[PDB]
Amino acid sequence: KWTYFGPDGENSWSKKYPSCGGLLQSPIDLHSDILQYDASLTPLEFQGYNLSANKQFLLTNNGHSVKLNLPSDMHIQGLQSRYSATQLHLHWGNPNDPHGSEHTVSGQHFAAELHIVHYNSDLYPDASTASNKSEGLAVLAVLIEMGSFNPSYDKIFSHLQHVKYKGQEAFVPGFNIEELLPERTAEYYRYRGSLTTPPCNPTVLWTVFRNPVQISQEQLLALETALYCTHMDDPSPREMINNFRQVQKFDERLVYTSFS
């Protein structure tokens, strides 16, 4: 058990989850001095992203974020192994401070952040088994900026009202998960890092897209007001807000870019 605020917050994670106080932690601040162009970084292909709108996918409040379960037929080609999808989820701030991206760019938070989590299906049978193992995970990160209404993101946000409390679950119709990605997915940052949550294992190949996507003010307000970290019956209910980790020391890492 852990939170983003007070005694159980991120400065205390390492007391229960030692990897949280180890090396190669995420997120990080993307800034010119630590960037390095790499000709190796070829375009990813997103296979099986186009989920049938006549099929149903489990959305869950896990007490930390809202998660959408993804089928393992969904995958990434282009890395050293096949990375199969396990779930996507978000990180955001609060109505009075809508700047809850995990990754920052030249010291600036975006409004929110989407993480599409994949596991090494060539090595491991699921994300859970893969999470504490070498080369176990790969995440696509989309930075989210406040702008126009996003009908694609709304295929998640219109469902939040059925997963208000921890452990609540709701079937959501499939849609093309590629619609959540920004323009020019060929332009990305790539670095070796960790889960941004406990148990913080340094097993994550990070891809952060260069370009953000936009969702409206009304979409962020809904995301920032709809969810609780706590069970429906908890007498000390806590709002699910500011569910982002502070950026971490580089530990001599560089971030490789597909662009110069």
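The term rigid core refers to the most C-alpha atoms you can superpose between the two forms while keeping them within 1.5 Å. We number the residues from 1 along the sequence you see.
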In 8 other deposited structures of this protein, rigid core aligned: more displaced of 34-42 and 191-199 by C-alpha RMS
34-42
In 8 other deposited structures of this protein, rigid core aligned: more displaced of 64-72 and 230-238 by C-alpha RMS
230-238
Quick check: 188-196 versus 231-239, which has the larger average CA B-factor in the record?
231-239
Looking at the entry, does 205-213 or 42-50 show the higher mean C-alpha B-factor?
42-50
Given 128, 94, 87, 101, identify the residue with the highest C-alpha B factor in the PDB entry.
128
Highest CA temperature factor in the entry: which of 219, 26, 56, 65?
56
Which third of the chain holds residue 15 when residues are ordered by C-alpha B factor: lowest, middle or highest?
middle
Name the third of the chain's ranked CA B-factors that contains residue 71, choosing lowest, middle or highest.
middle
Going by the CA temperature factor in the PDB record, which third of the chain does residue 124 belong to: lowest, middle or highest?
highest
Comparing against every modelled residue in the chain, figure out the third that the C-alpha B-factor of residue 106 lands in (lowest, middle or highest).
highest
Of the three thirds of the chain ranked by Cα temperature factor, residue 183 occupies the highest
